[PDB]
C-alpha cells in the first residue's frame, strides 16, 4: 500500500525507499538564506481571481486538513509572477508543529514559523492534474507562513469546520470560501523550482513563497492541533508535526521579487 508518515519508522528519512525521487536534486522544502537569494529585476507581480463558490469540501486524510476546490473549468485562477500562463486552484492544506515555536516547512534565515499554508494550482494546458504532475512546471504553489499574533477572523471559518472532520477519512461540505482573504497585504515573494513536500515528491512545482506572514492567535493554532491522524476505529494519535525537514538546495537559485 506504500503507506508513509512523519514518524521514525515511516518518515521523511525512509521515503526514498518508496519513491526514489525523494532523494532527487530538486526537492522541497529548503532553507532560505540571504546568502543565496538573487534579486530578479524581471520578476512581475502575480494576482488571483478566486470564486468563493468553487470551494467544495474539507477533509482529514490523516496527513493534513485539505480544502478541495472545483477545478473542472477555469473558475479560480492564479496568474502572473514567474508563470507562463494562468493556473487553476485545486486545493489548499496546512503543515504545523507540536507547539507554536515551529511548524513551517520552509525556513527563512534560520527561523521557522508556526505553520505553512500551501495553495496548490495546476496548469490547465496539460489537460488533467495527473498529466500536469509529469511536467517540470505543471504545478504552482503559493506558500504562506503563519505567525502568532492577533486572531484572524477569516481563518476561524476553517477552524469551525474541523469538528466535522476530527479523524482520518472524514469529509464534509465546505462552501463559499475565498482563500485570498487569508493573504497578507504585502505581495513580495521568493520563487524557485522544487517538489511536493509529500510522497510521491514529484519535482513539478514552481514555488511562490510570500515574504510577509499571516498572523493567527495561539488559540487558533491549538484548534488545528486538535485533529487526529488516526481513524475512528483506531487508538488516538494527534495530528501534529506534519512537516518535512529542509532538503539540500543543490544547484538552485532562489529569486526574490524585491531588492
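Numbering follows the first chain given and starts at 1.
Identify the stretch, either 21-29 or 5-13, whose C-alpha atoms have the larger mean B-factor according to the entry.
That would be 5-13.
Given the B-factors recorded for C-alpha atoms, which segment has the greater mean, 38-46 or 52-60?
The deposited B-factors put 38-46 ahead on the C-alpha mean.
Sorting 149, 97, 138, 173 by Cα temperature factor from the record, which one lands on top?
Reading the PDB entry, the winner on C-alpha B-factor is 149.
For the CA B factor values reported in this entry, which option in 117, 114, 161, 182 has the top one?
Comparing C-alpha B-factors across 117, 114, 161, 182, the top value belongs to 182.
How does the C-alpha B factor of residue 256 compare with the rest of the chain: lowest, middle or highest third?
As the PDB entry reports it, the C-alpha B-factor of residue 256 lands in the lowest third of its chain.
Splitting the chain's C-alpha B-factors into thirds, which one does residue 177 fall into?
Answer is highest: the recorded C-alpha B-factor places it there.
State the tercile, meaning the lowest, middle or highest third, of residue 153 with respect to the CA B-factors recorded for its chain.
According to the entry, residue 153 has a C-alpha B-factor in the chain's highest third.
Which third of the chain does residue 89 land in by C-alpha B-factor: lowest, middle or highest?
Ranked within chain, residue 89 CA B lands in the lowest tercile.
Could you place residue 125 in the lowest, middle or highest third of its chain by Cα temperature factor, using the values in the record?
For residue 125, the deposited C-alpha B-factor lands in the middle third.
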